[PDB]
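Novice: need coordinates for the below:
(one chain, ligands or ions: 7)
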Amino acid sequence: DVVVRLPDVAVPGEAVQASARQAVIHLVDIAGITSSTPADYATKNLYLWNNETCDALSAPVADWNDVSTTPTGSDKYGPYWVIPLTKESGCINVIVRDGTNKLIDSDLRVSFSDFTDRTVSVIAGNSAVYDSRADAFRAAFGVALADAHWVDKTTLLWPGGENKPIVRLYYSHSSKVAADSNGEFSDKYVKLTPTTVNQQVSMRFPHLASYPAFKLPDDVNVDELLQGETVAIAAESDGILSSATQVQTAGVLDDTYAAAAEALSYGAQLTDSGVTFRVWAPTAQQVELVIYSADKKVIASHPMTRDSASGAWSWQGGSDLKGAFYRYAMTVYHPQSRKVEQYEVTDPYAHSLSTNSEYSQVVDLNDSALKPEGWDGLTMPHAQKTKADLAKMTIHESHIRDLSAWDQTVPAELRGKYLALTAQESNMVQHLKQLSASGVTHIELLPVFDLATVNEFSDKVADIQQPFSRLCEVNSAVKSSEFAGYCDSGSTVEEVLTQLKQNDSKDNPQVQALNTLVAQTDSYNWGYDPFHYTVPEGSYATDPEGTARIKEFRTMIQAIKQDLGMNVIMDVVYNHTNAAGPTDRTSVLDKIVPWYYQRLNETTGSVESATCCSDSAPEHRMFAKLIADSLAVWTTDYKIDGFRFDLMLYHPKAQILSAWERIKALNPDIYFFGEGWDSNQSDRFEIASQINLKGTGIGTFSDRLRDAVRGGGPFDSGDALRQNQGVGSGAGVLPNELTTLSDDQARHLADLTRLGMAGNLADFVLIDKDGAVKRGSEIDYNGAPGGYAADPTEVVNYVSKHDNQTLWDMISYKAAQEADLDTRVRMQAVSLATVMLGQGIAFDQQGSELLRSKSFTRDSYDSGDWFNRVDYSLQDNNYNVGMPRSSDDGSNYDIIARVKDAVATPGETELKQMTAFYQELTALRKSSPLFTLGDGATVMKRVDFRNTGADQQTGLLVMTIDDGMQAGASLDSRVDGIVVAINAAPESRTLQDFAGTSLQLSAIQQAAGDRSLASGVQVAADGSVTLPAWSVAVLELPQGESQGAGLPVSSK
Ligand SMILES: OC[C@H]1O[C@@H]2O[C@H]3[C@H](O)[C@@H](O)[C@@H](O[C@H]4[C@H](O)[C@@H](O)[C@@H](O[C@H]5[C@H](O)[C@@H](O)[C@@H](O[C@H]6[C@H](O)[C@@H](O)[C@@H](O[C@H]7[C@H](O)[C@@H](O)[C@@H](O[C@H]8[C@H](O)[C@@H](O)[C@@H](O[C@H]1[C@H](O)[C@H]2O)O[C@@H]8CO)O[C@@H]7CO)O[C@@H]6CO)O[C@@H]5CO)O[C@@H]4CO)O[C@@H]3CO
Ligand SMILES: OC[C@H]1O[C@@H]2O[C@H]3[C@H](O)[C@@H](O)[C@@H](O[C@H]4[C@H](O)[C@@H](O)[C@@H](O[C@H]5[C@H](O)[C@@H](O)[C@@H](O[C@H]6[C@H](O)[C@@H](O)[C@@H](O[C@H]7[C@H](O)[C@@H](O)[C@@H](O[C@H]8[C@H](O)[C@@H](O)[C@@H](O[C@H]1[C@H](O)[C@H]2O)O[C@@H]8CO)O[C@@H]7CO)O[C@@H]6CO)O[C@@H]5CO)O[C@@H]4CO)O[C@@H]3CO
Ligand SMILES: [Ca+2]
Ligand SMILES: [Ca+2]
Ligand SMILES: [Ca+2]
Ligand SMILES: [Ca+2]
Ligand SMILES: [Ca+2]
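Specialist: Residues are numbered from 1 along each chain as shown. Ligands and ions are numbered 1, 2, ... in the order given. Shown next is the structure:
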């Protein structure tokens, strides 16, 4: 065998160092360093020019056809250029050429800031700027990137060796595959001969199927190569190295181990004989189980037993280890650092944690000590068995602090805690009970798994209800801040933020300024930042040290189900981890099985960040299993009625469906839904998207009705926030001063809205804005088909959610100056009526019934108690409490200043009216099975619309729900049909579509009287209906002694 080796030449030094007003660029001639011919550099030249970005050149020649900037000199390693400078700071613009052809196809930007001696090297066909020729030389003849992919036992996908004579999988157990002192690569290796990709490999990694394939001997000891660094290497016939790169091994790891590893259970497990510990770590050299005392002293250390089939490590000990703290002491190679790392890691399958998740803890979740009294018989107060069960779901999306941080009627020690939901006499709980009785059915909880971004050591935390001096004790940036004078003040941070409201403006955004520092060290975060997937969050417990949070969490769940009467949904975030690599405190999965649980760039091997953070890999089998095992615990041990998957579109459809069947085997009524946008991962697998989930029963948030009713889209800014009026804010019927919405555009929004009120089915047939027959899927939504679902239970409609501006803030951006406060309250209820009276699952943000505002904050995840406040004492809606944070809403301060003060801020009278409006809407939703048909074909045969086509009265939404014989049986004994009429318009309107029938106003609305959304509706003797401006009316035909003719859908 030929010995792979470096170039038979030295590692180059610097040819010349720049002097004052000079810079030097070396071109390192890799190919001519392979000598042969003493190559000629006469045609090499640099194109140099100044612009607004880089302007440090003294005599730049702008003529692109000028090729006279030839090398100042050259040696065996390549030419160099001495470039005069006007200054020694900043940067210069360089293109490196041969004649007029670029040898680097990229404008090079050489910064004197990053390169202090202004003496840099570059290589042809590469855009990187190196500080020395040795650096660039070692780049070319050393390990770089990670584009080889060991994807099963016998196959290695790599481009860097396609049609090269020598191609090779080297491996070193304990050091980094560096050439030895004889410039030779003398480490052990396996031999690869070109081959043809499996049909099962391409079906597994389709984003790689165009990679050049290679074969491994049918007898390689994969167990041994995967114990250390592997480096795929190639070179030419002489043996001079061509390239060398690191290997990604998740493919082979799954081929080798996953079948065996999936049969095992993981974490610290109480058996009848004792406790069994098991962690999956197929590449680890050693795993030691470290037992800790309650004071976190090592009291035992146990080398674990490796199972060579699964790559899992196990140890068994006594039952007295229940309650013990533990970590896994790992000895494992990490490709990012290229070191065999040694560190202790918490259990990825942890079910109990110490304060701030520093240690995992052995726990038996079944202990009656961890259960509220009665736990084992806690039942689901709302059925989820049938589709008509599911369609009835009416979700109230809430956050632990948003619920109780501000409520003085919650005991002080329960504020911002799980146990605030047990404070039966608080304003918050009494108000939620009111919502439940009126037809809100589900609480959805923003992250209550163990998040990373709140410090659970209370001494390191300052909240705005505490003295400003506590804020200075714990946030050392405050002393350096223009708020430092307040450290002495003796007043709370809350008091200071209030006092700062007076002089706050788009010119002096001071409330936001103080709050940005507050955000760093407070108790507040949405929490989309997973530390441990299957432990409750610690900071929401009264005591975060140990098992306390488990009983407190379950006590909350029981209170919601048993005292409030609602089902509970959990937000789960399996699409990313909080950190990765061998360094960061919150890297758990990537410390134990490096590069397996994260999704990597196929070339750099860098962990991807398209989700926000550290993208995870649910396409890999053991993460798929981790997700499924985790959900099993939340389902069985915490009695969670359903799960909302954050960025579900980043998961394979097959993985979500797999997880769902696993969980349905535990509880058949469990409900799955999520964000099914476009992840850009369709090249790797069929993503779990709105489109691909058609018919599966997996729900998705529909952005269709959302944007039609709100106006615009979530990326609007500046004037577009006001110009883009929605149906709810008077598009085309009550225009504001800036908008140019046409009647056609407004009628298109009404199409989307009607479509969504019928469940946003792909196959639902309606009359569109132009009078034309269209299928649900034929209504455009930003180019995509609008309707996309098979059943309404697959669609979650909403007009407000934790992310993006509240509904009230959108209405304030968009409402014409002439809409007075009462009209804006009706715009809110009218907007919500499209959701509450539609066939899709109904979803809403906590506080929409209180006109909730965030002071125009569009992304409030870290904006603290101040901007996320919800006042259950009903004094205001949190509007106009300061300019929102400039980092995300600064480019909106202008439009905000123009619209902010058009009308008064909602006070107690408006909040009570909105709450009555909202309860009236939810009571209507559950008043009849007709609103919640469940089945897509049943919707199609019973749901129609009047006031359609090109001469529709703009903004008037009229839906009919048939309960007469030309659709089927009478689902409702009381009525033969229902008419839903939403008149989102400043004019009163009259309906003649129902003249002659016995139409009459629903009893709920008649009982609300002057407070009804239908106050002032008139039904004439002949059956014509007059609708007030900005109203919602639900009309019925009373049922006769047999099922009548009702409101037959017309066949279009
Ligand atoms: O004013 C137009 C322009 O303004 C800005 O560009 C400035 C830029 O930021 C400065 O750095 C500098 O530009 C220098 C540039 O950075 C260097 O790369 C170099 O340019 C050379 C190219 O590298 C080289 O490849 C070749 O370019 C040829 C192209 O390969 C070829 O495709 C064709 O170009 C035509 C394009 O096909 C066509 O798209 C159109 O170009 C328009 C741009 O698409 C459009 O973005 C805009 O450009 C802005 C730009 O956004 C700002 O950043 O308008 C363009 C003009 O219509 O038409 C092209 C030809 O008409 O042909 C070229 C020429 O052979 O050679 C060039 C040689 O210049 O040097 C640049 C100059 O030092 O300055 C500009 C401002 O002047
Ligand atoms: O990842 C960065 C991003 O994260 C957060 O955004 C989240 C957002 O809050 C959620 O609503 C959701 O977004 C999904 C959305 O709900 C769905 O409807 C759909 O989005 C479609 C739109 O409905 C549709 O309008 C169209 O989008 C077009 C825009 O209308 C148009 O303006 C333009 O967008 C450009 C922006 O103008 C420009 O500012 C820039 O956008 C960047 C933002 O400035 C920056 O804040 C950040 O966005 C964050 C965001 O703040 C978080 O809240 O990065 C943005 C770039 O990614 O550039 C835009 C051009 O890309 O053009 C688009 C069409 O190209 O189609 C979209 C796409 O289907 O799906 C959305 C999923 O992405 O979730 C996201 C992610 O968590
Ligand atoms: Ca240098
Ligand atoms: Ca935590
Ligand atoms: Ca915070
Ligand atoms: Ca990709
Ligand atoms: Ca009936």
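
Novice: how about the nearest residue to the residue of the stretch 1-150 of the chain found nearest ligand 7, chain neighbours excluded?
Specialist: Residue nearest to ligand 7 within the stretch 1-150 of the chain (CB to the ion): residue 149, separated by 61.5 Å. Any C-beta I mention is one placed from the backbone N, CA and C, and that applies to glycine too. The shortest distance from residue 149 to any non-neighbouring residue, by CB to CB, 6 or more residues apart in numbering, is to residue 157 (4.2 Å).

Novice: who's in contact with that neighbour?
Specialist: By CB atoms under 8 Å, 6 or more residues apart in numbering, residue 157 lies in contact with 148, 149, 150, 151, 197, 201, 205, 208, 211, 212, 213, 214.

Novice: out of those, who's the most crowded?
Specialist: Looking at the contacts of residue 157 with neighbours defined as other CB atoms under 10 Å, the largest count falls to residue 148 at 30 neighbours.

Novice: list the contacts of that one.
Specialist: 156, 157, 158, 160, 232, 245, 246, 247, 248.

Novice: can you rerun that using 6 Å?
Specialist: Contacts for residue 148 (CB atoms under 6 Å, 6 or more residues apart in numbering) come out as 158, 232, 245, 247.

Novice: got it, and residue 32?
Specialist: residue 39.

Novice: what's the answer for the one 3 residues further on, then?
Specialist: By CB under 6 Å, 6+ apart, the contact set of residue 35 is empty.

Novice: looking at this, it is in a strand?
Specialist: No: applying DSSP: H, G, I helix; E, B strand; the rest coil, one finds residue 35 to be coil, outside a strand.

Novice: near ligand 4, which residues of the stretch 401-550 of the chain? Just list them.
Specialist: 450, 451, 538 (CB under 5 Å from the ion).

Novice: what's the answer for the chain, then?
Specialist: Near ligand 4, when you scan the chain using CB under 5 Å from the ion, you find 450, 451, 538.

Novice: does the second one really touch residue 527, like I thought?
Specialist: Yes: counting by CB atoms under 6 Å, residue 527 is a contact partner of residue 451 at 3.5 Å.

Novice: is it fair to say residue 813 lies in a helix?
Specialist: Yes: checked against three-state DSSP, residue 813 lies within a helix.

Novice: phi first, then psi, for the residue of the stretch 1-150 of the chain closest to ligand 7.
Specialist: Backbone torsions of residue 149, given as degrees, to the nearest 10, read phi -130, psi 100.

Novice: spit out the contact partners of it.
Specialist: Taking CB under 6 Å, 6+ apart, one finds 157, 208, 248 in contact with residue 149.

Novice: can we see that at 8 Å?
Specialist: Here residue 149 is in contact with 156, 157, 158, 205, 208, 211, 247, 248, 251, 602 (CB under 8 Å, 6+ apart).

Novice: what separation do you get for the second one and ligand 5?
Specialist: Read that as residue 157. Distance check for residue 157 against ligand 5: by CB to the ion, to the nearest Å, it reads 43 Å.

Novice: for residue 665, see how far away the residue nearest to residue 149 is.
Specialist: 36 Å (CB to CB, to the nearest Å).

Novice: return every residue with contacts to both of residue 451 and residue 527.
Specialist: Counting by CB under 8 Å, 6+ apart, the residues touching both residue 451 and residue 527 are residue 537.

Novice: contacts with ligand 1 among the contacts of residue 157, please.
Specialist: Among those, proximity to ligand 1 is found for none (CB under 6 Å from any ligand atom).

Novice: from the contacts of residue 149, which land in helices?
Specialist: residue 251 (DSSP state H).

Novice: what is the nearest of the contacts of residue 149 to residue 72?
Specialist: Checking these against residue 72 with CB to CB, the nearest one is residue 158 at 39.2 Å.

Novice: coming back round to it: now, the contacts of residue 157 that are in strands?
Specialist: 148, 149, 150, 151, 213, 214 (DSSP state E).

Novice: nearest to residue 735, of these?
Specialist: Out of these, the member with the shortest distance to residue 735 (by CB to CB) is residue 149, at 56.2 Å.

Novice: now do the buried residues in stretch 780-788.
Specialist: 781, 785, 786, 787, 788 (16 or more other CB atoms under 10 Å).

Novice: now, which of those residues sits nearest residue 681?
Specialist: Nearest member of the buried residues of stretch 780-788 to residue 681, counting by CB to CB, is residue 788, at 18.3 Å.

Novice: who touches the closest one in this structure?
Specialist: 690, 691, 694, 702, 760, 762, 776, 777.

Novice: what about the third one, distance to ligand 3?
Specialist: Think residue 694. From residue 694 to ligand 3 the distance is 58 Å (CB to the ion).

Novice: again with the first one
Specialist: When CB to the ion is the yardstick, residue 690 and ligand 3 sit 53 Å from each other.

Novice: state whether residue 289 and residue 304 are indeed in contact, as I suppose.
Specialist: Yes: under the criterion of CB atoms under 8 Å, residue 289 makes contact with residue 304 at 5.5 Å.

Novice: residue 313 in helix, strand or coil?
Specialist: Quick answer, by three-state DSSP: residue 313 is strand.

Novice: wait, it sits on residue 284?
Specialist: Yes: under the criterion of CB under 8 Å, residue 313 makes contact with residue 284 at 7.1 Å.

Novice: residue 85: what's its closest spatial neighbour, skipping adjacent residues?
Specialist: Here the residue nearest residue 85, using CB to CB, 6+ apart, is residue 21, at 4.6 Å.
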